[PDB]
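What follows is a short report on a single structure.
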Amino acid sequence: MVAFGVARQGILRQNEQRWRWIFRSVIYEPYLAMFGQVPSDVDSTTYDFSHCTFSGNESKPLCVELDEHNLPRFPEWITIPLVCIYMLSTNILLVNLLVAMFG
Amino acid sequence: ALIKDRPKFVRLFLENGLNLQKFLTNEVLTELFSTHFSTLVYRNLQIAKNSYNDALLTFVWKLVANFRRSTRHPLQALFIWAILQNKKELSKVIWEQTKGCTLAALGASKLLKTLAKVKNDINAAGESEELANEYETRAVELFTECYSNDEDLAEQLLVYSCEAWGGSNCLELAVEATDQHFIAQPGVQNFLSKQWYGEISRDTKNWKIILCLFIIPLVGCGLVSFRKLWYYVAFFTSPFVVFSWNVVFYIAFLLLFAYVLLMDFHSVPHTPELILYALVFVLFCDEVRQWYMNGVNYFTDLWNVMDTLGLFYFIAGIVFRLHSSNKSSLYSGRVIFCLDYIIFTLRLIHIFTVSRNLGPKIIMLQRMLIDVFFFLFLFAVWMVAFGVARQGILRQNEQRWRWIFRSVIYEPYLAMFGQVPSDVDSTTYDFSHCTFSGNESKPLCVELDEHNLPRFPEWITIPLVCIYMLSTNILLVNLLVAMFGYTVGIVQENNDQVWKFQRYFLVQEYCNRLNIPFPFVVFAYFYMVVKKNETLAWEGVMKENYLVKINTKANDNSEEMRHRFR
Amino acid sequence: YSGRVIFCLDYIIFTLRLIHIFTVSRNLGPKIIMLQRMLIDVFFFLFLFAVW
Ligand SMILES: CC(C)CCC[C@@H](C)[C@H]1CC[C@H]2[C@@H]3CC=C4C[C@@H](OC(=O)CCC(=O)O)CC[C@]4(C)[C@H]3CC[C@]12C
Ligand SMILES: CC(C)CCC[C@@H](C)[C@H]1CC[C@H]2[C@@H]3CC=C4C[C@@H](OC(=O)CCC(=O)O)CC[C@]4(C)[C@H]3CC[C@]12C
Ligand SMILES: CC(C)CCC[C@@H](C)[C@H]1CC[C@H]2[C@@H]3CC=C4C[C@@H](OC(=O)CCC(=O)O)CC[C@]4(C)[C@H]3CC[C@]12C
Ligand SMILES: CC(C)CCC[C@@H](C)[C@H]1CC[C@H]2[C@@H]3CC=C4C[C@@H](OC(=O)CCC(=O)O)CC[C@]4(C)[C@H]3CC[C@]12C
Ligand SMILES: CC(C)CCC[C@@H](C)[C@H]1CC[C@H]2[C@@H]3CC=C4C[C@@H](OC(=O)CCC(=O)O)CC[C@]4(C)[C@H]3CC[C@]12C
Ligand SMILES: CC(C)CCC[C@@H](C)[C@H]1CC[C@H]2[C@@H]3CC=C4C[C@@H](OC(=O)CCC(=O)O)CC[C@]4(C)[C@H]3CC[C@]12C
Ligand SMILES: CC(C)CCC[C@@H](C)[C@H]1CC[C@H]2[C@@H]3CC=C4C[C@@H](OC(=O)CCC(=O)O)CC[C@]4(C)[C@H]3CC[C@]12C
Ligand SMILES: FC(F)(F)c1ccccc1-c1cc(C(F)(F)F)c2[nH]c(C3=NOC4(CCCCC4)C3)nc2c1
Ligand SMILES: FC(F)(F)c1ccccc1-c1cc(C(F)(F)F)c2[nH]c(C3=NOC4(CCCCC4)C3)nc2c1
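Residue numbers (the entry's author numbering), protein chains in the order written: chain B, 878 to 980; chain A, 465 to 534, 557 to 714, 724 to 1027, 1050 to 1083; chain D, 826 to 877.
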């Protein structure tokens, strides 16, 4: 969880500057990914915005880094495989290993 | 008798008054090695020495060649001669005479193990393997007897180094021949534990010493039992405390790395980033020292390669991010740093293989890769089939690689854990996300017949997805669970024995170094660059005791009654 | 379109042939072979599931 959350947050948003949301993104969401929901809906560019906050005034996650124009700057070809591997590892392999050790 | 392989007659001659020490003479040994050495065995030994080679292979080959051409340790030469021609009883008879036997037995087992692989014959390979196992058991039993009788002398014998038998101790030969059983025995483990705790007593509660690590003044008090100021030096020189300090330093380094990466990362590096660079520099210096100590064999381990890759990734990230003028490079440098952070963070699993509670379970992970591979093979085949079929029947002439791969592979893969593979399989809901043209970044529309009605039939799609989900999400996962359970049950009995070997590797590698706390080891390396018999007799006595024990165990059959009846 | 659908089903059939051909790998073959012995458990599972 630590590795995945830190990497994802670093590549996606920049200079968060709010402790509660740093900890919410880094730990809470990967933890929720253990049972069910995919860790991040932001890993895919197909859908984004309308929940973003360029400033920190509101209580929402910091926006994604943007290059020239409004297009997101993060590449999907490094995010999607990362989340796929993380889910395949946590949600399936580890739980089955726990079952075997319990048995 | 030696020529004709008469073990019993050899024993009788030796025990009836013959002086073997005087027997073995330079001329006699030269005549014995020069000619009686089997030509087949001679060629095989030459090939093995020339091709594979080893710390002891070269030594034995050189000794053999020297004797053929023309202290001394002649009895060891005779024992080697007997072993190399596969004489079990004669080899044992000669072994019973050597002053140092445990080392001799381990060396013989190593030699047999290295010579058995080359031989193509199956039966000869099996015989050599059996002989090597017999010698390994002999050495283990002898050392157990020695340790049970006397402990300090057993440890001294372990530490004792030969005068060019192989230039190595029993530990080195046992580890080199991957003799897990010998090292796993209680005596060697206790010796390693004593060396691991250093000065500190082994009976102290671990939490006491961990607590004392943080608060310095607590060490001066009597909380720590030093007996197995001077206390500070005796404490900070213990490899256990150095390892704990290095772990703490590494964790703090990770915290600083994460903080700089996410919270404070600007075009021009600030002070915390420079401190991070300094810490990475000391880590790189340690890695360079580790490179120097070993050769290219150091790169044969996965974790070492991973660490080297992490360091090179850090250097690359530094290179990319110094172009403060161009924004497009700072982001790439940050991404490189994120990947390097993943690599560094995965190192905790490697370092925590010594915890005595997590280490065995971490070690056993390497044995489930075949089950994982089979699972992935079936999953990939099914995903390919289902995705190709569904895409073909639903949309036509996609003509965009990224979306072909997104639909064919990504969605069926997501179907493994949770969501149904496709919301398009059902006509009840569709459109408002379609794109007849490829201009937008959305999946291609479904094929349409006359009117706007979808053309695909549900009676072939819905059963397909139902079968695919029933297969992947339930059956395959349960099969994986069952295979994992069986593998754990099989390998648990050997996991601890395997883990003790790695424990020895740690307890030797850490003790070998100068044992300076990590944050300021640079000064040590810099000024080092500037500066850059009786036990054998006791072993023989215990060997005699062990042989007498074997003879008594053999005679315990109690069959003498019938012989006395006759 | 019907021909394309037939081709898709035939593609599934052909793709399933890899499991058969890879029964000789000396690492996957035994595990593939053992699958034939769990059909009764699968059948019992499906029987209960269908009734419920
Ligand atoms: C390594 C093992 C343990 C698990 C791997 C799971 C696979 C399902 C991963 C491996 C590589 C992944 C692919 C790598 C690259 C891409 C392109 C990506 O499409 C893009 O948006 C690329 C960037 C762009 O838009 O140009 C969609 C996912 C896909 C097919 C990834 C989806 C899932 C794949 C096949
Ligand atoms: C200084 C700040 C930033 C870190 C605070 C986090 C702590 C919860 C970490 C820091 C150092 C860690 C310790 C470093 C080393 C060890 C020894 C380890 O046990 C062994 O390695 C014994 C080896 C053996 O049995 O041979 C158990 C955890 C402990 C106390 C670790 C547990 C968690 C600690 C206290
Ligand atoms: C929170 C983010 C922004 C910074 C990353 C901090 C990490 C370095 C911390 C977070 C969770 C911590 C871990 C939580 C669980 C464990 C296992 C634990 O292992 C043991 O104590 C072994 C005990 C035994 O076997 O006897 C040591 C502390 C460690 C690595 C903790 C110390 C370091 C970790 C990875
Ligand atoms: C190109 C994109 C996908 C980003 C690449 C970054 C990570 C996804 C890479 C960097 C290091 C890789 C890891 C290196 C080592 C391993 C252990 C491996 O499992 C084992 O080897 C268990 C046996 C053992 O202990 O060695 C599974 C993959 C993993 C986590 C690798 C998977 C992918 C990782 C995390
Ligand atoms: C074969 C084993 C391993 C698993 C099978 C799972 C069952 C739950 C499948 C087998 C046949 C399937 C049925 C085959 C045909 C249809 C009609 C289908 O309704 C239609 O839309 C048909 C086309 C039309 O609209 O006219 C709804 C699903 C249903 C009941 C399918 C739903 C699920 C069923 C019962
Ligand atoms: C991607 C779509 C559009 C085209 C379909 C290509 C398939 C033919 C590829 C995709 C995934 C591939 C497979 C991924 C995993 C495996 C298992 C692997 O099995 C072994 O190597 C056995 C090793 C051993 O047991 O020693 C051989 C390659 C194979 C069939 C790969 C080769 C062919 C596959 C099915
Ligand atoms: C009419 C609609 C639902 C489309 C039909 C196409 C597929 C759904 C059919 C074509 C071939 C069929 C497969 C033929 C063989 C098998 C193996 C069978 O499992 C075993 O027999 C294991 C033992 C063995 O190795 O033989 C489970 C069903 C499956 C995948 C069959 C299920 C349905 C498949 C994939
Ligand atoms: F049960 C289990 F442990 F899963 C497992 C069971 C059987 C065989 C292997 C494993 C295993 C072991 C390790 C290791 F021992 F090496 F840690 C794994 N590591 C990872 C990943 N590393 O990083 C990821 C998360 C962070 C982002 C990058 C990807 C996932 N997946 C592993 C699977
Ligand atoms: F654990 C497991 F393996 F599930 C399994 C466990 C116990 C008994 C049988 C199986 C098994 C084996 C195979 C085979 F060995 F034959 F491959 C299976 N094949 C399929 C399917 N084939 O194609 C589908 C995906 C592609 C679309 C059409 C349907 C599902 N389900 C299987 C179940």
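Ideal Cβ positions, reconstructed from N, Cα and C, are used throughout, including at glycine.
Just the C-alpha distance for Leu-521/A and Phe-979/B, rounded to the nearest angstrom, thanks.
Residue 521/A sits at position 57 when you count from the first residue of the second sequence. Residue 979/B sits at position 102 when you count from the first residue of the first sequence. Between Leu-521/A and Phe-979/B, the alpha-carbon positions lie close to 47 Å from each other.
Straight-line CA distance for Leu-699/A to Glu-658/A?
As a working note, residue 699/A is residue 213 in the second sequence. As a working note, residue 658/A is residue 172 in the second sequence. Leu-699/A and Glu-658/A: Cα-Cα distance of roughly 32 Å.
Please report how far the alpha carbon of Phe-832/A lies from the alpha carbon of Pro-767/A, in whole angstroms.
If you number the second sequence from 1, residue 832/A lands on position 337. If you number the second sequence from 1, residue 767/A lands on position 272. If you draw a straight line from the Cα of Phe-832/A to the Cα of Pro-767/A, it comes to about 15 Å.
How far does the alpha helix (DSSP H) with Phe-744/A in it extend, from its first residue to its last?
Here residue 744/A is taken as the residue at index 249 of the second sequence, counted from 1. 734-753 is the extent of the alpha helix (DSSP H) around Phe-744/A.
For a contact defined as C-beta to C-beta under 8 Å, what are the partners of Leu-970/A on chain D?
Numbered from 1 along the second sequence, position 475 holds the residue referred to as residue 970/A. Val-867, listed in chain order.
Could you tell me whether any Cβ in chain A is nearer than 7 Å to the Cβ of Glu-893/B?
Here residue 893/B refers to the residue found at position 16 when the first sequence is read from its first residue. With 7 Å as the cut-off, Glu-893/B counts as an interface residue toward chain A.
State yes or no: is the C-beta of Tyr-963/B nearer than 6 Å to some heavy atom of ligand 8?
Here residue 963/B refers to the residue found at position 86 when the first sequence is read from its first residue. Taking the Cβ of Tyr-963/B as the reference point, at least one heavy atom of ligand 8 falls within a distance shorter than 6 Å.
Sort out for me which residues DSSP pairs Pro-949/B with in a bridge.
Position 72 of the first sequence, counted from the first residue, corresponds to residue 949/B. BP columns for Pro-949/B point to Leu-943/B.
Span of the alpha helix (DSSP H) around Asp-781/A:
Mapped onto the second sequence, residue 781/A falls at position 286. Run containing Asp-781/A: 766-788, per the alpha helix (DSSP H) assignment.
Hey, is the segment 852-868 of chain A in contact with the segment 768-787 of chain A, meaning 3+ C-beta pairs nearer than 8 Å?
Verdict: no, contact absent.
Which whole-angstrom value describes the C-beta separation of residue 541/A and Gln-571/A, a residue pair presumed to lie in contact below a C-beta threshold of 8 Å?
There are no coordinates for residue 541/A in this structure, because the numbering of chain A runs from 534 directly to 557.
Taking 7 Å as the threshold (beta carbon to beta carbon), is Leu-974/B in contact with chain A?
Residue numbering aside, residue 974/B sits at position 97 when the first sequence is read from its first letter. Chain A contact via Cβ: present.
Determine the burial state of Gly-653/A: buried for a count of at least 16 other Cβ atoms within 10 Å of its Cβ, exposed for fewer.
Looking up residue 653/A in the second sequence gives position 167. With fewer than 16 other Cβ atoms from the protein chains shown falling within 10 Å of its own Cβ, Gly-653/A counts as exposed.
Inter-stretch contact (C-beta, 8 Å, three-pair minimum) for the segment 471-478 of chain A and the segment 511-525 of chain A
Two segments are said to touch when three or more pairs of C-beta atoms, one from each, lie closer than 8 Å; by this definition the segment 471-478 of chain A does not touch the segment 511-525 of chain A.
Pick helix, strand or coil for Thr-664/A, following the three-state DSSP scheme.
As a position in the second sequence, residue 664/A is number 178, starting the count at 1. DSSP places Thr-664/A in coil when its eight states are reduced to three.
Here's the rule I'm using: 16 or more other beta-carbon atoms within 10 Å means buried, otherwise exposed. How should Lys-486/A be labelled?
As a working mapping, residue 486/A is identified with position 22 in the second sequence. Answer is exposed; the Cβ neighbour count stays below 16.
Local conformation of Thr-848/D per DSSP, three classes:
By 1-based counting over the third sequence, the position of residue 848/D is 23. DSSP places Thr-848/D within a helical segment (H, G or I) once states are collapsed to three.
Between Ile-746/A and chain D, is any beta-carbon pair separated by less than 7 Å?
The residue you call residue 746/A lines up with position 251 of the second sequence. Cβ-Cβ to chain D under 7 Å: no for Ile-746/A.
Quick check: the segment 962-976 of chain A against the segment 876-885 of chain A, are there 3 or more CB pairs under 8 Å?
Contact between the segment 962-976 of chain A and the segment 876-885 of chain A is present, because at least three Cβ pairs lie under 8 Å.
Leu-959/A versus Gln-886/A, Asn-947/A, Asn-989/A, residue with shortest Cα-Cα distance
Locating residue 959/A in the second sequence gives position 464, where the first residue counts as 1. The option with the nearest alpha carbon to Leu-959/A is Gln-886/A.
On the three-state DSSP scale, how would you describe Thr-930/B?
Looking up residue 930/B in the first sequence gives position 53. The three-state secondary structure of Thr-930/B, taken from DSSP, is strand.
By Cβ distance, which residues of its chain are closer than 6 Å to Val-763/A, with the 5 residues on each side in sequence left out?
Taking the second sequence and counting its residues from 1, one reaches residue 763/A at position 268. Once the five neighbours on either side are set aside, the close Cβ partners of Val-763/A are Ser-819.
Under 8 Å Cβ-Cβ, which residues of chain D neighbour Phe-872/A?
Working through the second sequence from its first residue, we reach residue 872/A at position 377. In chain order: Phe-847, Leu-853.
Quick check: is the beta carbon of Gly-933/B nearer than 7 Å to any beta carbon in chain A?
Counted from its first residue, the first sequence places residue 933/B at position 56. Chain A contact via Cβ: absent.
Pairwise C-alpha distance: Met-1059/A and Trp-725/A
As a working note, residue 725/A is residue 230 in the second sequence. As a working note, residue 1059/A is residue 542 in the second sequence. Their backbone Cα atoms lie some 39 Å apart in a straight line.
Residues of chain A with a CB under 9 Å from the CB of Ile-837/D: which are they?
One-based indexing of the third sequence puts residue 837/D at position 12. Per Cβ cutoff of 9 Å: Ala-880, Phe-881, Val-883, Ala-884, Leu-959.
Name, please, each residue of chain A whose Cβ falls closer than 7 Å to the Cβ of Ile-844/D.
Working through the third sequence from its first residue, we reach residue 844/D at position 19. Chain-ordered, the chain A residues with CB closer than 7 Å to the CB of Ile-844/D read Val-876.
Shorter than 6 Å, the distance from the beta carbon of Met-863/A to the closest heavy atom of ligand 8, or not?
The residue labelled residue 863/A in the question sits at position 368 within the second sequence. Flag set: Cβ of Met-863/A near ligand 8.
Whole-number beta carbon distance between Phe-629/A and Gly-673/A, since they are thought to touch under 8 Å
Sequence index remark: in the second sequence, residue 673/A carries index 187 (1-based). Sequence index remark: in the second sequence, residue 629/A carries index 143 (1-based). The Cβ separation is near 7 Å, so the contact holds.
Taking only heavy atoms of ligand 2 into account, decide whether any of them is closer than 6 Å to the Cβ of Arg-842/A.
In the second sequence, the residue the question calls residue 842/A occupies position 347. If you check the C-beta of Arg-842/A against ligand 2, you find no heavy atom less than 6 Å away.
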